[PDB]
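Here's the structure, in C-alpha cells; my notes come after.
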Amino acid sequence: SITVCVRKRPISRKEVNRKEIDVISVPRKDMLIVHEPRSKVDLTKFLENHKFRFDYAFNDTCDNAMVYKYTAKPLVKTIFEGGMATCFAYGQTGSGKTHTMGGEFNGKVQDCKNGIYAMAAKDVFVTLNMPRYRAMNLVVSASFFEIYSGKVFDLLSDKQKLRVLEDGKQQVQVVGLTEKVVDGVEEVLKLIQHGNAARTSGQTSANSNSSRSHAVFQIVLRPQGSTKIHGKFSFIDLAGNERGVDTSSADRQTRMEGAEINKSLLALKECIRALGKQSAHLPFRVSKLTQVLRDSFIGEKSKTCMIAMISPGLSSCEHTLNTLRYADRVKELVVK
Amino acid sequence: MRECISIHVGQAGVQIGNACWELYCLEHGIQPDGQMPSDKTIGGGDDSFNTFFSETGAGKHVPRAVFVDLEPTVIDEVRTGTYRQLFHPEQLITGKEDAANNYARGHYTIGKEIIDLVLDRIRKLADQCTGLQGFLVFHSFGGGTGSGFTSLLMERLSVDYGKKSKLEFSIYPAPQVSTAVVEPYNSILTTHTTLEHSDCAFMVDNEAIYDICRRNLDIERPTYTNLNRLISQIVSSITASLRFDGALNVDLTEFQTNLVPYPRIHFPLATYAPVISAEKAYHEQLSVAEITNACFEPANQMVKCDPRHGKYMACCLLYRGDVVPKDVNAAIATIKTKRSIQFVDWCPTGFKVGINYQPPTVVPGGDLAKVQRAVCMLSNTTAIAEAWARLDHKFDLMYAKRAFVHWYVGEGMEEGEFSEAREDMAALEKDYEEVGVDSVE
Amino acid sequence: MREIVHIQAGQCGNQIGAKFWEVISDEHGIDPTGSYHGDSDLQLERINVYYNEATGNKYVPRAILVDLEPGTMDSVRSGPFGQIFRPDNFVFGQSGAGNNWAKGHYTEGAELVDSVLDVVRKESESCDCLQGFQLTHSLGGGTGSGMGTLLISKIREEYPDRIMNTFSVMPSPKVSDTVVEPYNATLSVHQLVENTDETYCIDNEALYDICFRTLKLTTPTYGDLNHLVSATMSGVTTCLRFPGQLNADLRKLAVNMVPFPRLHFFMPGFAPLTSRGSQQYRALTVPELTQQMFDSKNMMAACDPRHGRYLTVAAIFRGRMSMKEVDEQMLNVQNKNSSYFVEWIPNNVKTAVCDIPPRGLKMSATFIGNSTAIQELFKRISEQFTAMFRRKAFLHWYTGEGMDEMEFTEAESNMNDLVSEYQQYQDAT
Amino acid sequence: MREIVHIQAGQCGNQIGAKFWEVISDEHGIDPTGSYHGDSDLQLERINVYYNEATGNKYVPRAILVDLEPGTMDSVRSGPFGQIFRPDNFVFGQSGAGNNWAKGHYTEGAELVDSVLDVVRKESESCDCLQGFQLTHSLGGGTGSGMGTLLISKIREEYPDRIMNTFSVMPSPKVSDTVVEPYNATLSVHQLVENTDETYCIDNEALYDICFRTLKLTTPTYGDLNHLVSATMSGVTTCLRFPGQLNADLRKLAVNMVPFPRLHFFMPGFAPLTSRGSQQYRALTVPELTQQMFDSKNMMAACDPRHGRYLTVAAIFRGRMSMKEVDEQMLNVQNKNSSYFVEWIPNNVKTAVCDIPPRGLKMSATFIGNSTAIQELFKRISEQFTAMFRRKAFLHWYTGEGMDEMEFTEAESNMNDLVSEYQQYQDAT
Ligand SMILES: CC(=O)O[C@H]1C(=O)[C@@]2(C)[C@H]([C@H](OC(=O)c3ccccc3)[C@]3(O)C[C@H](OC(=O)[C@H](O)[C@@H](NC(=O)c4ccccc4)c4ccccc4)C(C)=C1C3(C)C)[C@]1(OC(C)=O)CO[C@@H]1C[C@@H]2O
Ligand SMILES: CC(=O)O[C@H]1C(=O)[C@@]2(C)[C@H]([C@H](OC(=O)c3ccccc3)[C@]3(O)C[C@H](OC(=O)[C@H](O)[C@@H](NC(=O)c4ccccc4)c4ccccc4)C(C)=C1C3(C)C)[C@]1(OC(C)=O)CO[C@@H]1C[C@@H]2O
Ligand SMILES: Nc1nc2c(ncn2[C@@H]2O[C@H](COP(=O)(O)OP(=O)(O)OP(=O)(O)O)[C@@H](O)[C@H]2O)c(=O)[nH]1
Ligand SMILES: Nc1ncnc2c1ncn2[C@@H]1O[C@H](COP(=O)(O)OP(=O)(O)NP(=O)(O)O)[C@@H](O)[C@H]1O
Ligand SMILES: Nc1nc2c(ncn2[C@@H]2O[C@H](COP(=O)(O)OP(=O)(O)O)[C@@H](O)[C@H]2O)c(=O)[nH]1
Ligand SMILES: Nc1nc2c(ncn2[C@@H]2O[C@H](COP(=O)(O)OP(=O)(O)O)[C@@H](O)[C@H]2O)c(=O)[nH]1
Ligand SMILES: [Mg+2]
Ligand SMILES: [Mg+2]
C-alpha cells in the first residue's frame, strides 16, 4: 500500500552549454520511457527503450503545486483518522530533490512558499477548520530533524545532538526533540524559513546549496490535554547518492560526509528488497535513517508516497535506471 | 453614504476650491446661499448631493470642506465674495502670517500653531459621516503652506485615520515658467509625504494647462480663473460615479485596485479630452472614438510630459453622458492597435472603463462648451519621471552652492534633511527605471 | 416539488437576474405587482418552481439578491419589477468590493455571508422537496467572483446533494474593462471546480457578436446581452415546468452531459435568433433550428468548437414538433461532423422536447455543449495571470486583505490542470 | 428534387441575374413581395427548383449575391425586386476590385470567399437532392472574372459531381470599355477549362446586333441585352420544371453536347425574336423557329458558324407542337448543311420538347451550339494578350497583388491549346 510517483526535472542552463542530450520522455499520464544509447560489438550503435508504469508520472513542465496535489494532498485526510503518513524524496544528487520538498531555489534565498512542507502544513489547517473535524479539538505541533554524519541533530534548537531510543512497544522515539506548538500557517512558515537557514549544506559553484543531510520535518497531531499522538505527517528529504563524477575538490572533510550519505542509502536500499521477499530479518538498525523510516514500511496505519526524482540528461542515464528500478520495486510491495 | 472630505490648503488650494465649490453647487442645483430651490420635491440623495453637502435641517446645504491657509488674505475673499453663507464659519481657517515660500515655516514654526485647530475640525466632519470614502487634499508643490503645512497635516491624518484613502491634487512646478525663486527647495521637501502618506497623488502644472487654453480652447491670455475650472472638471468627473447613476460605476477604491501596481507607483497623470471652445464645438464629431484618442495625445496632457518616451502601465477611462459601452470597446481596440502607445509587458489587460450618465455642467461665464460626452483619463506611465529629472536639476544647481539654505535652517530644520529628500526622490526615479523594463531569464 | 433557489450576486449577476425575472414572469403571466393575469392553465400548475404563493394570490419569486454596494439594489427596486421581489431578500452591505476578490471573499464578504445563508435557509426549508440552486454572477468582479464562491462553498457543506449550477460571465481578452480581472477570475475558477455540478460559461465578446452578426442590432446595450442570457436560463429548466414528450430536469442533464467529474463547464446557445425583417424569409422547422444550434457564431461562449471535440451536447426543443425529425436531425449532425465528436461515446446528443414554446414564437430550441474547445478560455486567462503574477503586479491589494501567494499558485495550477483534462479527452483514441 | 443554386457575382452578373429573377418570377407567378398569384397548377409543382418556401407561403429564391463593392447591391435592393431576395445572401466587401483579376482572386477575394462558401453550403445542405450550380459573371471585370473563378474552383473541391455551368460574358474587340480586359479574360478562361461542365459564352457585340438587326430596337440599353440573356437562362432548364414530351436536364444536355471533355464552350440562341409590328407578318410554326435558331445573326456569341463545324447542337422547344416536325426540321438542316456539321457524329442535334411556352407567346425555342468556330473568340483575346504582355504593359497592377508572370504564361498557353483542340476536331476526316 505504497504509492510511487516520479518527477523528471528540466534541463538547466549550464547543461545546454555542455550540449546535453535529453533521454527521458513522459508521453502519457503514468508512463515513462528511458532512451538508452547502446552500441553493438561491431560499432553499430542502436537504441534501447525502457518502459515504466507508475501510479502517476510528472513531466518537466509541472510545478510544485501539481506535484503536491497528487502526492501529499490525499494523505491529509488520513492523518485526521488516526493514522500516520510520510513521503520520501529519493534520487540522484542534483536531481531536484530539495527543490520539490524544500522550496523553489530562488538563488540566494529559499522561497519556502513552494515546497511540500508548506503546502501540506497549510492544508492541515484548512482541514482542521472543517466542522466535521473541528469537533475533535486537536492541537497541531511541528518538529524538524536533521541527520548528519549518521547522527540526528536538531534545527529548531540550534545544535542539540539527539539520541535514537526505543519504547517497549517497538516504537522508535527520537529524544529529546524540540516540538513547538503551531498557532497558524504564518507560524509554520517561520519554522521552515528558520529551519532551512541552519541546515548543513556545502558551498560550491555547481550546487551552491546541495543537501548534506537527511532532513525530516514532522507535524504532530495531538489531542488537547491528553499528551498522546493522534497523527503524524513526517516529511523526508534525503541527501541522494553522488558517486558519478564527484571529484572536484573533495578533501578529507568532503568525503567524510560523502561516504556516509552513500552508506545511509544502501541500508535503505536493502530494507526495500528485504521487505520484497518474506520472513527475513529486516535490517532497519543498520543506518539510523532506516530506523526513522521503520514506521513508514511496516506501519499498520501508514500510507507513504515516494517521489522518485530523475535527472534528465544523457550523462545521468546510468543513475536514472538505478533510481527507477528501486521505485518500481517500492511499488511492488505488499506488507500485510 | 458615499461622503468625501475636501481639504484646501494654501493660496492655490483655496483658489481651486472656489472653482470646485462653484461647480458642485451647479451640478446639484444649490444656490450660493446653500439653498436648493422650492421646485425639488424629489430625491436629493437620489441626485446625491450627500457626498459634498451635509444637509442641515430646515433646508440648508453646507459643504464637506475645510479651507486652510496661513495667510488671512485669500480666505477673506470668501468673506464676503458670493459664497459668504455657503460655508460654515468655523471651517475657513486663517493664520496671521503665511509661511512665505518656506517649507520650514509651514512645517515647524508657523504650522504647528494651527495644526490642532485644523485636525479638530476634520473630526467634526468625520463624525458627521456615515460611509466616509476618503480625503481630497488640494495644495501646490512650491508654496510654503501648500508644502510645509500639507506635509504636517498628512502625517497627522495618517495616524488618526490610516485606512482611508487620501487623494492629493497637487500643482507641480513647471519647467520653464516659475513664479518663485525657491520653488525647487519646497518641492524636494514635500516628496516624503507625497509618496509615503498619500495613496494616489496627482500632479498638474500651469504650462501644460496654458497650452490647452491657447490651442484646444483659443483663449489668448488665460488667468488662473480659467485654469482652475479645468482642474475642477477632472475632479468632477473622477468623483462622479459616487453620486450619479450609471452602468459601470467606479468607487474611489476601484481606482487604486486598477490604477496602482505597487505601493510606490501611485503618481498618475490626468487628461480631459473635450476641451473645446463653443465655436469649435460646432463642426464637431465629438463621439466616443474621437474623445478616446485625444486623451492619448501627447499635446493634450495636463503635465508637461510626453508619454511616447515611456510606457503606460494602466489607464482608467471615465465617461460621462450619452455613452453606450459597445462604442468604448471599439475605441479601446483601436488604441491597443497603435504602436505609438506602448503598454508594459506585464499589464496585458490594459485598462478600466467607467461610464456615468450625468453629462458635464457648463459654468456660466465659463470657457468650455456644452458637450454630450466627456472623458477623464487617469493613467500610470513611466514618463512622469522625466518631469522629476527636470526639477532635480534645478535643485542640484542651487543646493550645490547652498544658496537659500540659511532661511530654512534658521526656522526649524537641519541642513541634513536636504540630503535625505534628494536621495528619497532619486529612489523613486530608480523605481520607474526598474518597473518599466520587461523581464527575461 | 423540484424548487429552484436563485442567488444572484454582484452587479452583473443582478442585472441578468432582473432581466431573468422579467422573462419567467412573462411565461407565467405574472403582473409587475405580482398578480396572475395568464390565460393558459399550464402557467400555474408548476409555478411553484420559482414562485412562493403569498397572501391574496400574489406570487413572490424565490430569489436572493446579494451585493456589497447599495447602488444596484436601488436600481432593481426602482426598475420595472421592483414590486415583484420580497424586501427581506435584498441583502447588501455598504462598503464596496473594490473589484477585488480578496475583499469580497475574505474581509467584507465573510462578514456578510452569515446574514445571507440565514436567508437562503428560509427559502430552502419552506420548499416541499427542493431540487437545487442557481448562481448568476461574474468572474471578473469583486462580488460576483469572490462573494459568489464563498456562498457556493458554504452551501455544499449544508446541501451536499442538490444540483448547484452557475450562469457565470467569463472575461475575454478582446473586451476588457478591468485591469485585475485575471486575478479575479483564476481565483474563482478554482472554486467552481470542486463545488459545482454544472457551469454555463458565458462571455461578453460572444454576446456582442451574436448581436452584431446574427441579430443585426445596431446599438447593443447590456439590456440586449442579458436578454440573450435570460433566454438560455429559462430554456434549460423548461421540462421542469411544462409537460413534454421527453423530459429533462437539471439532474437528468448532469447525468449525461458530464462524463467524468470536474468536466462541468458548458457552452450555452439559443435558436432561433433572426434579425427583424429577416424573419419572413426563414421557414421555422427542425432542420432550421438545428443549423443555428451548431453554427459556431451562435455560441454564447467565445470559442470555436472546430478546435476540439464535443464530449456531449444537449438540445432542448420547445414546441409541437415531431420526434422523428428531432431524432434524425440530431443524428445527421453527429455523422456528418463525426470528426468533431468524441468517438468512444456513441450518440453524444441528448434530446429534450417540451410542448410549450415561448409566447411569441413557435419551435424554439436550446443548445448546451460540453466541448473540449473550452480550454481556449482557460488558457487565455492563464497566460494573462502568469504574466502579471511573475512580476507580482497589483498584488498588495490582495495580500493586504488576508491572502497570501500560496492561494494564488494553487489556484493557477488547478486552472492549468483541467486544461490537461480536456486535452486528454479530446485526443488519444 | 433537382435544385439549382444561383451564384451571381460582380456588376454584370448581378444585373443579368436581377433581370433573370424577374423572368422566372413571372413564369411561376411570384409577386414582387414573394407571394403566389398564379393561375396554372404547373407553376407550383416544380417551384422548388429555384425557390425555397418560407413562412406564410412566401417563395424566396435560392440565389447568392456576391460583389466586392456595395453599390450594385444597393441597386438590386432598391430595384423592383429587392423584396424578393433574402438579406442574408447579399455578400459584399467594401474595397472595390479595380477591374483587376489579381485583386479579386488573390488579395481581396480570398478574404471574402470564406464568408461566401459558408452561405453556399446553407443553400446546398437544405436541398432534398441538389442537381447543380450556375454562375452569372463577366470575363473582363475584377469580381466577375477573378472572384467568380475562385468561387468555382472551391466548389469542385467540395461538390465534385454536380453540374456547374456558367453564363459568362466574353469581351469583343469591336466593343471595348476596359483597357486591361485581355489580362482579365485570359486568366479566367484558364480556370473555366478545368472546372466547368458547360460554359455559355455570350458577347455584347452579338447582343446589340440582335437588338439592331433582328429586334429593330432604336435605343438599346443594358436592360435589353440582359433581357435576351435571361430568356436563354430560363430556356435551358425548362424541362426541369415543366412536363414535356421529351425531357432534357442539365446533365442530360452535357452528356450529348460535350463529345470530349475540355470542349465545353457553348453558343446560346433564342427564337422567336421579331420586331414589334412585324409579328403579324410572321406565322409561328416549327420551320419558322428553326430558321432563326440556325441563322448566324441570331447567335448571342459574336461568331459565324460558317467558319467551322458544329460538333453537336441542342434545340429545346416549348409549346404544344408535334414531334414529327421537330424530328424532320432538325433533320432537314443537318442534311442541307452537311458541310457545316462534323460527319463522324451522326445526328448532331438533340431535340427537347416541353409543353409550356412562355406567358405571352406560343412555340418558343432555344438553340445551344457546340461549334468549332468558337476559336474565333479565343484567338481575338490571345492576340491582344500577347501584344500587351510582350511589352509587359499594365503588369505591375498584377504582380503587385501577389501574382507573378508564371501564372500568365501558363494561362496564355492553356488558352492557345484549346484553340488547337477545336481545330483538330473541325478538320481531318
Ligand atoms: C413578430 C415576431 O415574431 O417577433 C419576434 C422576432 O422578431 C425575433 C427576431 C425575436 C426578438 O428578440 C430580439 O430582438 C431580442 C432582443 C434582445 C435580446 C434577445 C433577443 C423579439 O424582440 C423577442 C420575442 O420573443 C418572445 O416573445 C419570447 O417569448 C422571448 N421573450 C423575451 O425575451 C421577452 C422580451 C421582452 C419582455 C419579456 C420577455 C423568450 C425567449 C425565451 C424564453 C422566454 C421568453 C419575439 C419572438 C420576437 C420579438 C418581439 C421581435 C428574437 O429573440 C427571441 C428571444 O425570440 C431575436 O431572434 C429571435 C427570433 C424572433 O423571430
Ligand atoms: C403582343 C405580343 O405577342 O408581344 C410579344 C412580342 O411582340 C415579341 C416581339 C417579344 C417582346 O420582347 C422584346 O421586345 C424584348 C425586349 C427586351 C429583351 C428581349 C426581348 C415582348 O416585349 C416580350 C414578351 O415576352 C414574353 O411575354 C415572354 O414570356 C418572355 N418574357 C419576358 O422576357 C419578360 C418581360 C418583362 C417582364 C417579365 C418577363 C420570356 C421569354 C423567355 C423566358 C421567360 C419569359 C412578348 C411575347 C411580346 C412583348 C411583350 C412585346 C420578343 O421577345 C420575347 C422575349 O418574347 C422580342 O422578339 C420576341 C417575339 C415577340 O413576338
Ligand atoms: N493652477 C493654479 N496655481 C496657482 C494658483 N495660485 C497659485 N498657484 C501656484 O502656486 C504656487 C505657489 O503656491 P501659493 O499657493 O502661491 O503659496 P501657498 O501655497 O499659499 O503658501 P504661501 O507661500 O505661504 O502663500 C505658484 O507657483 C503658482 O504656480 C491658482 O490659482 N491656480
Ligand atoms: N522542476 C524544476 N524546475 C526548475 N528548476 C528545477 C526543478 N527541480 C530542480 N530545479 C533546479 O535544480 C537546481 C538543483 O536542484 P536541487 O533541488 O538542489 O537538486 P538536489 O537533488 O536536491 N541536490 P541536493 O540538494 O544535494 O539533493 C536548482 O537550481 C533548482 O532550482
Ligand atoms: N453581460 C453583462 N455583463 C455585465 C453587466 N454589467 C457588468 N458586466 C460585466 O461584468 C464585469 C465586471 O463584473 P461586475 O458587474 O463589475 O461585478 P461586481 O463588481 O463584482 O459586482 C465587467 O467586465 C462588465 O463588462 C451586464 O448587465 N450584463
Ligand atoms: N450584358 C451586360 N453587360 C454588362 C452589364 N454591365 C456591365 N457589363 C459589361 O461588363 C464588362 C465589365 O464587367 P463588370 O460589370 O464591370 O464586372 P465587375 O467590375 O467585375 O463587377 C463591361 O465591358 C461591360 O460592358 C450589363 O448589365 N449587361
Ligand atoms: Mg536537496
Ligand atoms: Mg499665501
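By convention here, the chains of the C-alpha cells are called A, B, ... in the order presented, each chain's residues are numbered starting at 1, and ligands are numbered starting at 1 in the order presented.
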Margin query: Which residues are close to residue 120 in chain D, i.e. within 10 Å by only C-alpha atoms, leaving aside same-chain residues fewer than 5 positions away? Reply as a list in words.
Written below: residues 5, 6, 7, 62, 63, 64, 89, 115, 125, 151 and 155 of chain D
Margin query: DSSP on the backbone, strand (DSSP E) only: what residues of range 71-191 of chain B does that give? Format it as a ChimeraX atom specification.
Written below: /B:92-94,134-138,165-171
How would the residues just picked look written out with C-alpha atoms as a CSV table (one decimal), in the first residue's frame?
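Listed below is the output, out31.csv:
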```
chain,number,residue,atom,x,y,z
B,92,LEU,CA,-12.4,78.6,7.0
B,93,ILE,CA,-9.2,78.7,9.0
B,94,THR,CA,-6.7,81.5,8.6
B,134,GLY,CA,-11.5,59.4,1.8
B,135,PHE,CA,-9.9,62.8,1.8
B,136,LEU,CA,-9.4,65.2,-1.1
B,137,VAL,CA,-6.3,67.3,-0.2
B,138,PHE,CA,-5.6,70.2,-2.7
B,165,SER,CA,-7.7,56.7,1.0
B,166,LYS,CA,-6.1,60.2,0.9
B,167,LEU,CA,-6.1,61.6,-2.6
B,168,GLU,CA,-3.9,64.6,-3.4
B,169,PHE,CA,-4.3,67.1,-6.2
B,170,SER,CA,-1.0,68.9,-6.3
B,171,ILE,CA,0.3,71.6,-8.7
```
Next item on the list: Could you pull out the residues in range 29-228 of chain C that DSSP calls helix (DSSP H, G or I) from the backbone, as a PyMOL selection string?
Entry: chain C and resi 42-45+47-49+71-77+87-89+101-107+114-124+143-152+181-195+205-214+222-228
Note to self: Taking 4 positions as the minimum chain separation for residues in the same chain, which residues sit within 7 Å of residue 131 in chain D when counting only C-alpha atoms? Answer as a count of residues only.
What the structure shows: 5
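Atom pair CA of residue 268 in chain D / CA of residue 158 in chain D: separated by 28.5 Å.
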Next item on the list: Could you please tell me, as a PyMOL selection string, which residues of chain D have an atom within 7 Å of chain C when using only C-alpha atoms?
Entry: chain D and resi 54-55+60+86-87
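When CA of residue 21 in chain C is paired with CA of residue 320 in chain B, their separation reads 29.5 Å.
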Margin query: Using only C-alpha atoms and all ligand atoms, which residues have at least one atom no more than 8 Å from ligand 1? Output them as number ranges by chain.
Written below: C: 22-27, 215, 223-228, 230-235, 271-279, 357-361, 364
Based on the selection just made, write C-alpha atoms of those residues as a PDB file, in the first residue's frame.
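In the end it all went to part-v7.pdb:
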```
ATOM      1  CA  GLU C  22     -38.949  39.576 -16.447  1.00  0.00           C
ATOM      2  CA  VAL C  23     -38.913  36.632 -18.852  1.00  0.00           C
ATOM      3  CA  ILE C  24     -40.128  33.972 -16.397  1.00  0.00           C
ATOM      4  CA  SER C  25     -42.732  36.416 -15.123  1.00  0.00           C
ATOM      5  CA  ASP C  26     -43.974  36.685 -18.702  1.00  0.00           C
ATOM      6  CA  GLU C  27     -44.012  32.914 -19.207  1.00  0.00           C
ATOM      7  CA  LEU C 215     -29.381  39.667 -34.648  1.00  0.00           C
ATOM      8  CA  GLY C 223     -30.048  45.053 -21.785  1.00  0.00           C
ATOM      9  CA  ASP C 224     -29.624  43.175 -25.065  1.00  0.00           C
ATOM     10  CA  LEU C 225     -26.810  40.951 -23.826  1.00  0.00           C
ATOM     11  CA  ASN C 226     -28.703  39.989 -20.680  1.00  0.00           C
ATOM     12  CA  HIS C 227     -31.775  39.349 -22.816  1.00  0.00           C
ATOM     13  CA  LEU C 228     -29.933  36.561 -24.631  1.00  0.00           C
ATOM     14  CA  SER C 230     -32.066  35.146 -19.827  1.00  0.00           C
ATOM     15  CA  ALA C 231     -33.441  33.204 -22.781  1.00  0.00           C
ATOM     16  CA  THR C 232     -30.913  30.465 -22.080  1.00  0.00           C
ATOM     17  CA  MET C 233     -31.678  30.323 -18.343  1.00  0.00           C
ATOM     18  CA  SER C 234     -35.375  29.774 -18.984  1.00  0.00           C
ATOM     19  CA  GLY C 235     -34.670  27.221 -21.689  1.00  0.00           C
ATOM     20  CA  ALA C 271     -32.129  29.266 -31.526  1.00  0.00           C
ATOM     21  CA  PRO C 272     -33.952  30.877 -33.356  1.00  0.00           C
ATOM     22  CA  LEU C 273     -32.202  34.215 -33.492  1.00  0.00           C
ATOM     23  CA  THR C 274     -33.091  36.299 -36.521  1.00  0.00           C
ATOM     24  CA  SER C 275     -32.917  39.974 -37.266  1.00  0.00           C
ATOM     25  CA  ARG C 276     -36.185  41.863 -37.518  1.00  0.00           C
ATOM     26  CA  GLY C 277     -37.348  41.935 -41.083  1.00  0.00           C
ATOM     27  CA  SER C 278     -35.463  38.761 -41.927  1.00  0.00           C
ATOM     28  CA  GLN C 279     -37.969  36.548 -40.161  1.00  0.00           C
ATOM     29  CA  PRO C 357     -42.906  27.280 -26.922  1.00  0.00           C
ATOM     30  CA  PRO C 358     -42.276  30.875 -25.805  1.00  0.00           C
ATOM     31  CA  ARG C 359     -45.149  33.339 -26.026  1.00  0.00           C
ATOM     32  CA  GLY C 360     -44.306  34.932 -29.338  1.00  0.00           C
ATOM     33  CA  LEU C 361     -42.870  32.199 -31.491  1.00  0.00           C
ATOM     34  CA  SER C 364     -37.556  27.403 -30.132  1.00  0.00           C
TER      35      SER C 364
END
```
Any residue with an atom at most 10 Å from ligand 7 counts, using only C-alpha atoms and all ligand atoms. Which are they? Put them as a PDB file with N, CA and C atoms, in the first residue's frame.
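The file below, result_4.pdb, is the result:
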```
ATOM      1  N   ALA A  89      11.936  11.625  -0.746  1.00  0.00           N
ATOM      2  CA  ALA A  89      12.459  12.325  -1.918  1.00  0.00           C
ATOM      3  C   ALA A  89      13.742  11.603  -2.305  1.00  0.00           C
ATOM      4  N   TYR A  90      13.632  10.647  -3.216  1.00  0.00           N
ATOM      5  CA  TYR A  90      14.674   9.655  -3.446  1.00  0.00           C
ATOM      6  C   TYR A  90      15.194   9.763  -4.867  1.00  0.00           C
ATOM      7  N   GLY A  91      16.479  10.054  -5.007  1.00  0.00           N
ATOM      8  CA  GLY A  91      17.074  10.083  -6.329  1.00  0.00           C
ATOM      9  C   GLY A  91      18.547  10.410  -6.257  1.00  0.00           C
ATOM     10  N   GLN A  92      19.094  10.728  -7.427  1.00  0.00           N
ATOM     11  CA  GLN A  92      20.477  11.160  -7.540  1.00  0.00           C
ATOM     12  C   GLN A  92      20.633  12.539  -6.909  1.00  0.00           C
ATOM     13  N   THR A  93      21.858  12.891  -6.528  1.00  0.00           N
ATOM     14  CA  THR A  93      22.107  14.264  -6.129  1.00  0.00           C
ATOM     15  C   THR A  93      22.003  15.181  -7.343  1.00  0.00           C
ATOM     16  N   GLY A  94      21.668  16.440  -7.078  1.00  0.00           N
ATOM     17  CA  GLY A  94      21.413  17.391  -8.138  1.00  0.00           C
ATOM     18  C   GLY A  94      20.137  17.169  -8.921  1.00  0.00           C
ATOM     19  N   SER A  95      19.310  16.197  -8.541  1.00  0.00           N
ATOM     20  CA  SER A  95      18.127  15.840  -9.302  1.00  0.00           C
ATOM     21  C   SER A  95      16.865  16.498  -8.780  1.00  0.00           C
ATOM     22  N   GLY A  96      16.971  17.690  -8.204  1.00  0.00           N
ATOM     23  CA  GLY A  96      15.782  18.439  -7.847  1.00  0.00           C
ATOM     24  C   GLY A  96      15.059  17.971  -6.608  1.00  0.00           C
ATOM     25  N   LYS A  97      15.758  17.335  -5.666  1.00  0.00           N
ATOM     26  CA  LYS A  97      15.063  16.762  -4.520  1.00  0.00           C
ATOM     27  C   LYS A  97      14.628  17.832  -3.534  1.00  0.00           C
ATOM     28  N   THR A  98      15.545  18.694  -3.102  1.00  0.00           N
ATOM     29  CA  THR A  98      15.177  19.761  -2.190  1.00  0.00           C
ATOM     30  C   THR A  98      14.512  20.937  -2.880  1.00  0.00           C
ATOM     31  N   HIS A  99      14.415  20.921  -4.209  1.00  0.00           N
ATOM     32  CA  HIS A  99      13.560  21.878  -4.899  1.00  0.00           C
ATOM     33  C   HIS A  99      12.098  21.481  -4.780  1.00  0.00           C
ATOM     34  N   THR A 100      11.815  20.182  -4.774  1.00  0.00           N
ATOM     35  CA  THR A 100      10.444  19.729  -4.580  1.00  0.00           C
ATOM     36  C   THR A 100      10.016  19.860  -3.129  1.00  0.00           C
ATOM     37  N   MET A 101      10.781  19.275  -2.211  1.00  0.00           N
ATOM     38  CA  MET A 101      10.440  19.265  -0.795  1.00  0.00           C
ATOM     39  C   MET A 101      10.664  20.617  -0.134  1.00  0.00           C
ATOM     40  N   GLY A 102      11.862  21.169  -0.267  1.00  0.00           N
ATOM     41  CA  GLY A 102      12.219  22.374   0.451  1.00  0.00           C
ATOM     42  C   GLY A 102      11.565  23.626  -0.081  1.00  0.00           C
ATOM     43  N   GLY A 103      11.676  23.849  -1.373  1.00  0.00           N
ATOM     44  CA  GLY A 103      11.097  25.023  -1.989  1.00  0.00           C
ATOM     45  C   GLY A 103      11.837  25.380  -3.255  1.00  0.00           C
ATOM     46  N   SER A 201      24.921  22.489   4.630  1.00  0.00           N
ATOM     47  CA  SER A 201      24.976  22.372   3.183  1.00  0.00           C
ATOM     48  C   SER A 201      26.322  22.886   2.699  1.00  0.00           C
ATOM     49  N   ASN A 207      26.307  23.395  -7.382  1.00  0.00           N
ATOM     50  CA  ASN A 207      25.147  23.316  -6.496  1.00  0.00           C
ATOM     51  C   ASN A 207      25.524  24.037  -5.208  1.00  0.00           C
ATOM     52  N   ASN A 209      23.784  25.160  -2.864  1.00  0.00           N
ATOM     53  CA  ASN A 209      23.027  24.741  -1.694  1.00  0.00           C
ATOM     54  C   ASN A 209      22.662  23.267  -1.816  1.00  0.00           C
ATOM     55  N   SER A 210      23.659  22.439  -2.125  1.00  0.00           N
ATOM     56  CA  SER A 210      23.479  20.996  -2.173  1.00  0.00           C
ATOM     57  C   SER A 210      23.220  20.442  -0.775  1.00  0.00           C
ATOM     58  N   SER A 211      22.310  19.478  -0.694  1.00  0.00           N
ATOM     59  CA  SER A 211      21.922  18.859   0.565  1.00  0.00           C
ATOM     60  C   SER A 211      23.059  17.989   1.070  1.00  0.00           C
ATOM     61  N   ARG A 212      23.324  18.066   2.371  1.00  0.00           N
ATOM     62  CA  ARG A 212      24.382  17.294   3.005  1.00  0.00           C
ATOM     63  C   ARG A 212      23.842  16.464   4.158  1.00  0.00           C
ATOM     64  N   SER A 213      22.523  16.352   4.268  1.00  0.00           N
ATOM     65  CA  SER A 213      21.917  15.702   5.420  1.00  0.00           C
ATOM     66  C   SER A 213      20.496  15.303   5.074  1.00  0.00           C
ATOM     67  N   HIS A 214      19.967  14.339   5.824  1.00  0.00           N
ATOM     68  CA  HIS A 214      18.639  13.795   5.554  1.00  0.00           C
ATOM     69  C   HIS A 214      17.617  14.477   6.461  1.00  0.00           C
ATOM     70  N   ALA A 215      17.112  15.615   5.990  1.00  0.00           N
ATOM     71  CA  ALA A 215      16.212  16.429   6.797  1.00  0.00           C
ATOM     72  C   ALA A 215      14.841  15.778   6.909  1.00  0.00           C
ATOM     73  N   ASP A 237      13.235  14.558   3.327  1.00  0.00           N
ATOM     74  CA  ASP A 237      14.108  14.984   2.240  1.00  0.00           C
ATOM     75  C   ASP A 237      15.412  14.232   2.452  1.00  0.00           C
ATOM     76  N   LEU A 238      15.824  13.462   1.453  1.00  0.00           N
ATOM     77  CA  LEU A 238      17.069  12.722   1.562  1.00  0.00           C
ATOM     78  C   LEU A 238      18.247  13.604   1.171  1.00  0.00           C
ATOM     79  N   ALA A 239      19.410  12.979   0.993  1.00  0.00           N
ATOM     80  CA  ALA A 239      20.578  13.714   0.514  1.00  0.00           C
ATOM     81  C   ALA A 239      20.980  13.258  -0.883  1.00  0.00           C
ATOM     82  N   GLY A 240      20.726  11.997  -1.202  1.00  0.00           N
ATOM     83  CA  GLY A 240      20.965  11.481  -2.539  1.00  0.00           C
ATOM     84  C   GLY A 240      22.389  11.020  -2.775  1.00  0.00           C
TER      85      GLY A 240
END
```
Next item on the list: Could you list, as a list in words, the residues of chain B having an atom within 7 Å of chain C when counting only C-alpha atoms?
Entry: residues 253, 254, 257, 258, 260, 261, 262, 324, 326, 329, 346, 347, 348, 349, 350, 351, 352 and 353 of chain B
Check: Of the residues A:153, A:326, A:145, A:117, which is the one nearest to residue 190 in chain A, using only C-alpha atoms?
Finding: A:117
